[PDB]
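For reference, the structure is listed below as structure tokens.
First listed ligand is number 1; within each ligand, the first listed atom is number 1. Letters A, B, ... mirror the listed sequences (proteins, then strands); counts begin at 1. Below, each value reflects all heavy atoms present in this structure, side chains not excepted, and no hydrogens, waters or symmetry copies.
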Number of protein chains: 2
Amino acid sequence: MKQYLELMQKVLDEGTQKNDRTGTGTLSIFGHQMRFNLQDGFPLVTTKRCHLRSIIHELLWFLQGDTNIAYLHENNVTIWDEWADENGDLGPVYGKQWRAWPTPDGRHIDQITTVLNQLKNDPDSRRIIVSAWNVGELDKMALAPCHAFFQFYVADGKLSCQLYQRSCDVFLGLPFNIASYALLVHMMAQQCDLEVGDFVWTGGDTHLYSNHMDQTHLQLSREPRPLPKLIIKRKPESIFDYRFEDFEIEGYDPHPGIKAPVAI
Amino acid sequence: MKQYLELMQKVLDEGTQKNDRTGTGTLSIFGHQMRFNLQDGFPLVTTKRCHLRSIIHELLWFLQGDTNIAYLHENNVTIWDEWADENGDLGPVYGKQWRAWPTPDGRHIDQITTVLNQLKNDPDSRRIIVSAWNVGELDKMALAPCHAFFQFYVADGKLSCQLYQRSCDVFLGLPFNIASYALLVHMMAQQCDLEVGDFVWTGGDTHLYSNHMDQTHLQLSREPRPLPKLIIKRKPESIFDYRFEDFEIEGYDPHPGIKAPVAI
Ligand SMILES: O=c1ccn([C@H]2C[C@H](O)[C@@H](CO)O2)c(=O)[nH]1
Ligand SMILES: O=c1ccn([C@H]2C[C@H](O)[C@@H](CO)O2)c(=O)[nH]1
């Protein structure tokens with residue numbers, strides 16, 4: 001995608017040399033914002049082949065308030081294995097904060113139902129937020145939230161959403177981060193009888209790993225392809241009743257996939 | 001300031017008509033980012049006269065973990081009167097979350113000391129965040145946090161900071177929001193022996209009230225003046241030991257102040 005290749009280029013020309021946790025060197029910039037008008041197509045990178053099936057499964061897993069790996073494993077989605085303990089537990093990461101934020105007095109707040117309530121009954125609210133940055137629970141999480149905080153906005157029959165991402169690996173993680181969130185904007189929109197608007201991605205430490213340089217140059221050689229179309233085959237009775245087979249990507253013709261290794 | 005006048009213009013040309021809580025109409029945009037290099041001068045708007053003395057006093061008040069109005073009143077700073085109850089209490093707003101975030105198990109987390117610890121002993125961290133969006137305490141706050149979440153970043157001996165602001169009144173509140181945060185970047189920098197870098201302002205619902213149109217047009221007529229210089233007369237022994245008289249703004253020559261009324 002144009003916005004994405006322009007950001008890859010920006011990190012190459014402007015990033016400062018910064019190191020990652022006792023390991024790999026990175027080219028790094030701080031503070032960046034991109035906008036995707038979801039009416040123009042689904043923001044799935046076409047300059048390299050991306051597999052959406054793990055993305056869908058992880059999102060549906062988050063929506064259930066699930067913090068254990070078992071569901072992902074029944075579907076052979078293995079992207080959280082690296083962090084999970086011996087019982088498949090990741091600690092109170094994303095879905096637990098989304099669905100059951102714990103208060104000092106013993107309550108558990110369902111931020112996802114609050115947001116749908118606000119979108120239906122108070123759409124002009126400037127407070128339609130869900131946050132995963134729970135300070136009191138960060139020491140028990142396998143990893144602190146990267147996509148930490150997001151806000152919905154309604155204007156002119158259209159749902160927009162801005163994500164704050166504290167930390168971003170531009171090559172491996174970001175195409176996945178964008179498709180994940182654009183999919184949720186479409187599910188929320190369908191549930192509230194709204195049209196989709198914009199996904200605004202805002203990042204903090206936005207970077208490229210030094211051993212991914214040959215791959216980023218290979219990708220920047222490539223011209224972007226027409227963006228694909230997401231079709232949802234069914235309107236579920238609530239946001240928590242979606243199934244993997246409800247989603248289809250139509251018109252997706254990427255360039256070949258590129259492998260990105262990581263140090264250990 | 002150039003960036004600020006370009007944003008005022010953007011809300012005029014691009015904002016959609018959106019209404020505020022059962023009241024005034026606004027011109028509204030969603031998703032905006034601006035960068036201020038603090039080496040180029042202190043980002044205090046010169047196209048209208050702004051009074052910094054309440055800004056300093058409110059920031060020092062936040063740093064003490066103070067949620068009651070008394071301190072502001074001893075100095076005749078009256079900007080929080082509107083929200084305070086009969087005893088001067090505002091509920092667990094900003095300073096209480098900054099200094100004593102309450103956990104489900106009875107602890108109180110000092111996010112400001114954590115951030116200084118990280119800046120001194122782990123400066124490359126992608127997790128140097130303080131958040132005021134405490135979901136479990138939002139129903140007891142006088143108003144939910146507008147400047148909700150911010151992240152520090154260190155690269156090349158320089159401290160940068162990005163603020164996420166959920167909601168912003170461009171005319172009355174934003175010049176105040178920027179100077180408040182730019183001042184804290186300078187205090188944190190002084191305490192960590194770092195130089196100042198950039199203040200990145202990111203906003204959610206960024207707007208202009210309909211009864212402020214004559215004033216925004218008057219301000220856009222004006223050419224920006226050279227930005228002022230902030231001098232700190234003393235290095236305190238910690239971030240919690242600053243005093244009002246430690247700060248001086250040098251070289252500030254604004255255009256006359258403009259009044260902005262509000263509906264009730
Ligand atoms: O949603 C995510 C999660 C992690 N990362 C990156 C951040 C950093 O590069 C590394 C942290 O484990 O992986 C992302 O890009 N996106
Ligand atoms: O730091 C702040 C606090 C409030 N507001 C605005 C948001 C909205 O316009 C109104 C909410 O009371 O005041 C700001 O611009 N900045």
Worksheet item: Just wondering, do A:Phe42 and A:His186 contact through their side chains at under 4.5 Å, heavy atoms?
Response: yes
Worksheet entry | Contacts of A:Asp169 that satisfy side chain to side chain donor-acceptor pair (under 3.5 Å) - sequence neighbours left out | none
Is there any protein N/O under 3.5 Å from an N/O of ligand 1, and what does the full list of such pairs look like?
| from | atom 1 | to | atom 2 | distance (Å) |
| --- | --- | --- | --- | --- |
| ligand 1 | 1 (O) | A:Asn177 | ND2 | 2.7 |
| ligand 1 | 9 (O) | A:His207 | NE2 | 2.7 |
| ligand 1 | 9 (O) | A:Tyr209 | OH | 3.4 |
| ligand 1 | 15 (O) | A:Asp169 | N | 2.8 |
| ligand 1 | 16 (N) | A:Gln165 | NE2 | 3.4 |
| ligand 1 | 16 (N) | A:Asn177 | OD1 | 3.0 |
| ligand 1 | 16 (N) | A:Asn177 | ND2 | 3.3 |

Worksheet entry | Residues which pass side chain to side chain donor-acceptor pair (under 3.5 Å) with A:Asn121, listed by chain and number, not counting sequence neighbours | none
Item to complete: Decide, yes or no, whether a salt bridge links B:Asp66 with B:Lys96 under the criterion of side-chain N to carboxylate O below 4.0 Å.
Response: no
Item to complete: Look at A:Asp156 together with B:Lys18 and state whether they make a salt bridge at an N to O cut-off of under 4.0 Å.
Response: no
Worksheet item: For B:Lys140, which residues count as a side chain to side chain donor-acceptor pair (under 3.5 Å) partner, sequence neighbours excluded?
Response: none
